[PDB]
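What follows is a set of notes on a single structure, which appears directly below.
There are 4 protein chains.
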Amino acid sequence: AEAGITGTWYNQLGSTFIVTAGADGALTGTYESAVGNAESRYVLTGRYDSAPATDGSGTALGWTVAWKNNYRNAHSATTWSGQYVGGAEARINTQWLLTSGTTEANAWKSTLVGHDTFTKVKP
Amino acid sequence: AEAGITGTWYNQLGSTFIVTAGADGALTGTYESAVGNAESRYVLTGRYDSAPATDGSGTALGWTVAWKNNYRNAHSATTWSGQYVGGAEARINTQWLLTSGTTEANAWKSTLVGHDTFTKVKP
Amino acid sequence: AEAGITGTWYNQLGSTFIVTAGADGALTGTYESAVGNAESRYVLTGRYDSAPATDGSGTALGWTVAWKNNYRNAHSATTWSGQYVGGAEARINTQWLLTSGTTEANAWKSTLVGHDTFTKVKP
Amino acid sequence: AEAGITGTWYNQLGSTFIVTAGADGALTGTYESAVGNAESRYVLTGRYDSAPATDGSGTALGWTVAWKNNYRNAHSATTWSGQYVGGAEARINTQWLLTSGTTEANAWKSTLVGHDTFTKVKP
Ligand SMILES: O=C1N[C@H]2NC(=O)N[C@H]2N1
Ligand SMILES: O=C1N[C@H]2NC(=O)N[C@H]2N1
Ligand SMILES: O=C1N[C@H]2NC(=O)N[C@H]2N1
Ligand SMILES: O=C1N[C@H]2NC(=O)N[C@H]2N1
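Protein chains in written order, with the deposited numbering: chain A, 13 to 135; chain B, 13 to 135; chain C, 13 to 135; chain D, 13 to 135.
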């Protein structure tokens, strides 16, 4: 975990995220999305659970990206929840929630759900 | 948003989260869960999109809590994705993903999905 | 369950669904949505698990509505997954997935997630 | 769609589902799960939206399986929401919700979310 998590990861859509997993469960980094109302890099912050494992389980973690930077303001935020599996072919398997800011009338349709798999190799 | 978000919020399960929304989209604080394999306060970190709105839309945001502190290590992490609606009765409406670290055989059943509504009043 | 489920239910958005729970786990009926690219009644079909419970647990069930009828064709389908809780104030608590048919380029953003609570009283 | 959907499909976990898509949006068939508190075949019912598409979009559909048959009663139900993409390598991409019947105290953790991809070839 931690050391194993720090680095550059790529997902199936071609997005890239660079993260640093700190000693006490913090995750900090940047995310560049290959799809969406996203342009350039966005700041990401999250946490991982730093004391994962005598039965080769994954390390649970999550992070958030607010889609606003100096080139775009998409009025939305995405959170990724999943686990890090290390090894030869280490990966982070996630499910994500993308919520857009809406008026109250459209709040029922404000959130998209999806899944992303990240690897150290692209892809 | 931001100022409006900073403070103490409570949800329908009796959990409490105190957050500070910083000038540039950062969210930092603590979360105390009334249910689960959770005991005491846990650190939370997230982001909000700091330039939300000429049509009274909500402010999108998200945060993560890794369920590990000095009293418990639940080997899981939860991410909340939603939006802040301010006003008289301001609230943060969210959907969450709770992922547990599992062996590869059980990874298909590693994530729970739910929804929480937070208010400034409890509840 | 079954008998308890058969009837008319209403949710927080003002939608109404009439269902008949058959002896062997089948659910058949119609759904009229108060929001969306929906007009009139749509056919629904689902299942419930007909042998639910010495510890007052809910009865798990699910149903699907394809948003096509003789007045509208929204090219989408919604599935509701949840449980029936009977009693004085019986309710069906659900989480739903609404998938729209998209081109392959937009498949990552094809599904919305939400939650609906149905009661026998409106609302 | 419809004709294209009728047949046997397999997913990444080795589950198999045989379905018949009827002329007016109905889906009927059986599902055999390779994982879980599932043994043998279970009945499935759903709907698809029968008038999908001048821009090669997928056909939205959904189905439900209550995990009860003559060999097992898992007190749960799963709904799959997604779209059918036809062609050489046709597939049905889905996201699913598995709800278990719980007591009211545990209702917040009653639903798991996941994703399955089905192909006509196994896998
Ligand atoms: O990498 C990405 N994953 C998808 N989820 C999301 O929010 N934007 C898309 N880009
Ligand atoms: O406040 C809480 N919300 C629920 N989601 C979660 O992860 N733990 C529970 N407590
Ligand atoms: O009743 C409704 N619930 C929401 N989900 C959905 O698919 N349409 C909306 N209407
Ligand atoms: O095929 C399967 N998919 C998964 N979802 C589910 O409910 N059971 C598992 N089996």
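All C-beta atoms, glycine included, are put in the ideal place defined by N, C-alpha and C.
Endpoints, beta strand (DSSP E) assigned at residue i
i	result
residue 192/A	Because chain A here runs from 13 to 135, residue 192/A falls outside it and cannot be looked at.
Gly19/D	19-23
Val125/D	123-131
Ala33/C	28-33
Neighbouring residues, chain D, relative to residue i (Cβ below 8 Å)
i	result
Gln24/C	Within 8 Å Cβ-Cβ: nothing; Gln24/C doesn't reach chain D, min ~17 Å.
Chain-ordered chain A contacts of residue i [CB-CB under 7 Å]
i	result
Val47/C	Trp120
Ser52/B	Ordered by position in chain A, no residue passes the 7 Å Cβ test against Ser52/B, which lies about 15 Å from the chain.
Which of helix, strand or coil DSSP assigns to residue i
i	result
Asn82/A	coil
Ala117/C	helix
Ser112/A	strand
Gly98/B	coil
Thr76/B	strand
residue 2/A	Since the displayed chain A opens at 13 and closes at 135, residue 2/A lies outside it and no answer follows.
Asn105/D	strand
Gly48/B	coil
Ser69/A	coil
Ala89/B	strand
Amino acids of chain A, ordered along the chain, whose beta-carbon sits closer than 9 Å to that of residue i
i	result
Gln95/D	Going along chain A, no residue has its Cβ under 9 Å from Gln95/D, so there is no contact; the nearest lies around 13 Å.
Closer than 7 Å at the beta carbon, the chain C residues around residue i
i	result
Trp79/D	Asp61
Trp75/D	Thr76
Neighbour list for residue i in chain C, Cβ cutoff strictly below 8 Å
i	result
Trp92/D	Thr91
Neighbour list for residue i in chain E, Cβ cutoff strictly below 9 Å
i	result
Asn82/B	Protein chains in the displayed structure are A, B, C and D, and chain E is not among them.
Chain B residues whose Cβ lies nearer than 7 Å to that of residue i
i	result
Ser112/A	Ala72
Cross-chain neighbours of residue i in chain C, by beta carbon under 9 Å
i	result
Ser27/D	Under the 9 Å cutoff, chain C gives no residues; its nearest Cβ is about 16 Å from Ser27/D.
Partners in chain D for residue i, counting only beta-carbon separations shorter than 7 Å
i	result
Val31/C	Near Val31/C there are no residues of chain D at all, since even the closest Cβ is about 13 Å away, more than 7 Å.
Closer than 8 Å, Cβ to any Cβ of chain C: which residues of the stretch 122-134 of chain B, in chain order? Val125, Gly126, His127
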